[PDB]
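K.L.:
File follows, my_file35.txt with compact mmCIF, C-alpha atoms:
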# COMPACT_ATOMS: atom_id res chain seq x y z
CA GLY A 1 -26.53 27.13 23.34
CA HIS A 2 -27.09 27.80 19.60
CA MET A 3 -24.66 26.10 17.15
CA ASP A 4 -25.01 22.81 19.11
CA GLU A 5 -28.78 23.02 18.41
CA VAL A 6 -28.16 23.54 14.64
CA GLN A 7 -25.79 20.54 14.76
CA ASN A 8 -28.20 18.32 16.64
CA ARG A 9 -31.24 19.11 14.43
CA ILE A 10 -29.46 18.15 11.19
CA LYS A 11 -28.42 14.81 12.73
CA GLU A 12 -32.02 14.51 14.05
CA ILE A 13 -33.67 14.81 10.58
CA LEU A 14 -31.00 12.74 8.83
CA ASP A 15 -31.11 10.00 11.51
CA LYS A 16 -34.95 9.93 11.63
CA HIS A 17 -35.01 9.75 7.81
CA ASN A 18 -31.96 7.36 7.70
CA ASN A 19 -31.99 7.77 3.91
CA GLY A 20 -30.02 11.00 3.45
CA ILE A 21 -31.20 14.32 1.96
CA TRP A 22 -29.86 15.89 -1.31
CA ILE A 23 -27.98 19.16 -0.55
CA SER A 24 -30.31 21.05 -2.95
CA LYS A 25 -33.41 19.73 -1.06
CA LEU A 26 -31.85 20.13 2.46
CA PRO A 27 -32.77 23.91 2.63
CA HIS A 28 -36.52 23.35 2.03
CA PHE A 29 -36.43 20.23 4.23
CA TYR A 30 -34.94 22.46 6.97
CA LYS A 31 -37.55 25.20 6.33
CA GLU A 32 -40.36 22.63 6.61
CA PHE A 33 -39.09 21.01 9.80
CA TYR A 34 -37.47 23.83 11.85
CA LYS A 35 -39.44 26.79 10.38
CA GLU A 36 -36.31 28.76 9.48
CA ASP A 37 -34.59 29.98 6.31
CA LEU A 38 -31.35 27.98 6.12
CA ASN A 39 -28.40 30.36 5.52
CA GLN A 40 -25.97 29.29 2.72
CA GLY A 41 -23.10 29.11 5.31
CA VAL A 42 -24.73 26.17 7.12
CA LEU A 43 -24.03 24.15 3.90
CA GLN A 44 -20.34 24.73 4.65
CA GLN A 45 -20.94 23.42 8.19
CA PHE A 46 -22.54 20.30 6.66
CA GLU A 47 -19.43 19.72 4.50
CA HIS A 48 -17.02 19.94 7.49
CA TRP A 49 -19.08 18.32 10.32
CA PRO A 50 -17.65 14.84 11.19
CA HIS A 51 -20.23 14.25 14.00
CA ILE A 52 -23.54 15.31 12.33
CA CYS A 53 -23.50 13.97 8.77
CA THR A 54 -21.48 12.84 5.74
CA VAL A 55 -21.68 14.48 2.32
CA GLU A 56 -21.79 11.69 -0.31
CA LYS A 57 -21.60 11.70 -4.12
CA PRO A 58 -23.66 8.62 -5.17
CA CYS A 59 -23.14 7.81 -8.89
CA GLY A 60 -26.82 8.66 -9.64
CA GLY A 61 -26.47 12.20 -8.15
CA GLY A 62 -24.28 13.40 -11.07
CA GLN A 63 -24.30 17.13 -10.07
CA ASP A 64 -25.37 17.15 -6.35
CA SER A 65 -24.54 15.22 -3.14
CA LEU A 66 -26.48 13.40 -0.36
CA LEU A 67 -26.24 14.27 3.33
CA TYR A 68 -26.23 10.96 5.18
CA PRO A 69 -26.62 10.94 9.02
CA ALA A 70 -23.64 10.66 11.45
CA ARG A 71 -23.68 6.77 11.34
CA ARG A 72 -20.41 6.99 9.31
CA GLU A 73 -18.65 8.91 12.18
CA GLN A 74 -15.16 7.93 13.50
CA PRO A 75 -14.12 5.71 10.49
CA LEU A 76 -10.31 5.45 11.18
CA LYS A 77 -9.53 8.51 13.41
CA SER A 78 -9.22 6.65 16.78
CA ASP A 79 -5.80 8.33 17.54
CA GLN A 80 -5.14 5.16 19.66
CA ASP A 81 -4.88 2.60 16.80
CA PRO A 82 -1.22 1.56 17.61
CA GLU A 83 -2.52 0.14 20.99
CA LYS A 84 -6.13 -0.96 20.22
CA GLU A 85 -4.84 -4.51 19.52
CA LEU A 86 -1.01 -3.84 19.58
CA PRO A 87 -0.03 -6.66 17.12
CA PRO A 88 3.39 -8.42 17.51
CA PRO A 89 6.51 -6.81 15.88
CA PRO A 90 6.88 -8.76 12.55
CA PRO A 91 4.60 -8.52 9.43
CA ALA A 92 3.43 -12.00 10.55
CA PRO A 93 4.97 -14.75 12.81
CA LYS A 94 5.96 -16.56 9.53
CA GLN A 95 8.11 -13.46 8.69
CA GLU A 96 9.94 -13.05 12.07
CA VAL A 97 13.12 -12.00 10.15
CA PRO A 98 12.20 -9.79 7.10
CA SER A 99 15.96 -9.10 6.60
CA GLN A 100 18.18 -11.34 4.39
CA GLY A 101 21.95 -11.65 3.72
CA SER A 102 24.90 -14.10 3.55
CA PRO A 103 27.80 -15.06 5.92
CA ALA A 104 31.47 -14.32 5.48
CA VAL A 105 34.08 -16.69 4.01
CA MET A 106 34.48 -19.06 7.01
CA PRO A 107 35.56 -22.56 5.73
CA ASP A 108 35.48 -25.56 8.12
CA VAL A 109 39.03 -25.04 9.50
CA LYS A 110 38.12 -21.42 10.40
CA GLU A 111 34.86 -22.68 11.96
CA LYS A 112 36.74 -25.35 14.03
CA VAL A 113 39.15 -22.71 15.37
CA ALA A 114 36.42 -20.09 15.93
CA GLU A 115 34.10 -22.34 18.00
CA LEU A 116 37.13 -23.91 19.77
CA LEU A 117 38.26 -20.44 20.89
CA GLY A 118 34.67 -19.75 22.04
CA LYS A 119 34.80 -22.79 24.41
CA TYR A 120 37.76 -21.37 26.48
CA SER A 121 38.05 -18.19 28.59
CA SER A 122 41.76 -19.24 28.83
CA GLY A 123 41.95 -18.98 25.02
CA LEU A 124 44.03 -21.81 23.54
CA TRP A 125 47.81 -21.87 23.92
CA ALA A 126 50.05 -22.69 20.91
CA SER A 127 50.23 -26.43 21.77
CA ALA A 128 46.73 -26.62 23.33
CA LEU A 129 45.13 -25.39 20.03
CA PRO A 130 46.20 -28.63 18.13
CA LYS A 131 45.43 -30.82 21.20
CA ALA A 132 41.93 -29.36 21.71
CA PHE A 133 41.29 -29.45 17.91
CA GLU A 134 41.96 -33.18 17.68
CA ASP A 135 40.26 -34.09 20.99
CA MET A 136 37.06 -32.06 20.57
CA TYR A 137 36.25 -32.78 16.91
CA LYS A 138 37.62 -36.39 17.21
CA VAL A 139 39.96 -35.90 14.21
CA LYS A 140 43.67 -36.15 13.30
CA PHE A 141 44.07 -33.57 10.51
CA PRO A 142 46.86 -31.94 8.38
CA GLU A 143 49.54 -29.77 9.96
CA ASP A 144 48.68 -27.32 7.12
CA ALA A 145 45.48 -26.68 9.15
CA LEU A 146 46.89 -26.86 12.75
CA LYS A 147 50.47 -25.42 12.50
CA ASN A 148 49.75 -22.55 10.02
CA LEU A 149 49.75 -19.83 12.73
CA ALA A 150 48.72 -17.18 10.13
CA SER A 151 45.31 -18.76 9.33
CA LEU A 152 44.86 -19.15 13.09
CA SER A 153 45.72 -15.40 13.34
CA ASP A 154 42.90 -14.68 10.83
CA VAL A 155 40.35 -16.35 13.16
CA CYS A 156 42.08 -15.39 16.48
CA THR A 157 44.00 -12.64 18.25
CA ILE A 158 47.46 -14.21 18.51
CA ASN A 159 49.68 -12.74 21.18
CA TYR A 160 52.95 -14.04 22.68
CA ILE A 161 54.47 -14.86 26.05
CA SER A 162 58.13 -15.28 27.20
CA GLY A 163 59.17 -12.97 24.26
CA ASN A 164 57.96 -11.68 20.87
CA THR A 165 56.94 -14.82 18.89
CA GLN A 166 58.63 -16.94 21.64
CA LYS A 167 55.51 -18.73 22.95
CA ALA A 168 51.98 -17.95 21.57
CA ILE A 169 48.41 -17.73 22.87
CA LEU A 170 45.13 -17.44 20.90
CA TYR A 171 41.99 -15.49 21.92
CA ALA A 172 38.76 -15.22 19.85
CA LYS A 173 38.63 -12.67 16.95
CA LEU A 174 35.60 -14.40 15.26
CA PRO A 175 35.52 -12.35 12.00
CA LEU A 176 31.95 -11.86 10.66
CA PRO A 177 32.02 -8.42 8.93
CA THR A 178 29.03 -9.29 6.74
CA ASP A 179 25.91 -7.11 7.20
CA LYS A 180 24.34 -8.35 3.91
Could I get this file's structure written as C-alpha cells?
P.N.:
Amino acid sequence: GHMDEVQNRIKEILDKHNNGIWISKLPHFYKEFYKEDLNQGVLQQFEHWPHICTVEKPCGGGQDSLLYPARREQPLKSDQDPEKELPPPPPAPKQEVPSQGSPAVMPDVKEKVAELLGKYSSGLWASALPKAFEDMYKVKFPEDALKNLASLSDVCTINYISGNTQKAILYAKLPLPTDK
C-alpha cells in the first residue's frame, strides 16, 4: 500500500475537520499532520478524487478553492438509476397518451357500415347489408345511404359471387389512414 494511504489521510483530516481546507493552506496542513512535504502533483489528485474530497469555489474564496471531505461522494453516478425506482412509462399517469392527432373523414353512414362489418365474420351480403343496417341501428333510412354500393365500397372490400357484379358481398376495409 501507498497511494491508498495518501487517499485515506486526506479524507481523514477533511472529515475530522468537517469544515474543508483551502488548497493554498492544504500543503502546510499536510506538513503539520503527516510530517511530509506535499508534492504539487497531489493537488491534481485532490482535483480528480471522487471518493476523498470535493474541490469547491465558495463565493468568498475569490482566487482559491476549499477541499471539503468525501461527504459529497456519489451525487448522481449510481449507474443503476433506470431501475432504482423504475417509474411507470408516461410522464405522469395524467399524461398516459402524450401523442395527439385527429381521425379521418368518417361520417355517420360510414361509421354504421364500418361497425356493422366488424360484427360479422360472414361479412354482409348485398341484401343483408340493408337488413342488418335497419335492424341493428333501429332505423329506416334513405336508399342513398343503403343502395349506393360505391360509398359501401369506400368503407368495405366489395367482391362478387355468381359472376362479376352479379351478386355482391362486403368485408371490412375500415379506412383510418390518419397518423396525426
K.L.:
Draw an axis-aligned box tight on the listed atoms of segment 144-149 of chain A, then pad every side by 6 Å and write out centre and edge lengths in Å to one decimal as AutoDock Vina command-line options.
P.N.:
--center_x 48.0 --center_y -23.6 --center_z 9.9 --size_x 17.0 --size_y 19.5 --size_z 17.6
K.L.:
How many Å separate atom CA of residue 65 of chain A from atom CA of residue 51 of chain A?
P.N.:
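Separating atom CA of residue 65 of chain A from atom CA of residue 51 of chain A is a distance of 17.7 Å.
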K.L.:
Looking at A:77, A:110, A:131, A:17, which one is nearest to residue 153 of chain A, with distances taken over only C-alpha atoms?
P.N.:
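Checking each of A:77, A:110, A:131, A:17 against residue 153 of chain A, counting only C-alpha atoms, the winner is A:110.
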K.L.:
Considering only C-alpha atoms, can you say which of A:113, A:67, A:106, A:158 comes closest to residue 55 of chain A?
P.N.:
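Nearest to residue 55 of chain A: A:67.
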K.L.:
Can you measure atom CA of residue 114 of chain A to atom CA of residue 175 of chain A for me? One decimal in Å is fine.
P.N.:
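Pair atom CA of residue 114 of chain A / atom CA of residue 175 of chain A returns 8.7 Å.
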K.L.:
With only C-alpha atoms as the atoms that count, which of A:68, A:46, A:137, A:29 lies nearest to residue 116 of chain A?
P.N.:
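Selected residue with least distance to residue 116 of chain A: A:137.
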K.L.:
Just give me the gap between atom CA of residue 74 of chain A and atom CA of residue 8 of chain A in Å, one decimal is fine.
P.N.:
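Between these atoms lies a distance of 17.0 Å.
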K.L.:
Pick out the residues sitting within 12 Å of residue 10 of chain A, and hand them over as an MDAnalysis selection string; count all atoms listed in the file, and ignore anything fewer than 4 positions along from it in its own chain.
P.N.:
chainID A and resid 3:6 14:18 20:21 23 26:27 29:31 33:34 38 42:43 45:46 49 51:54 67:70
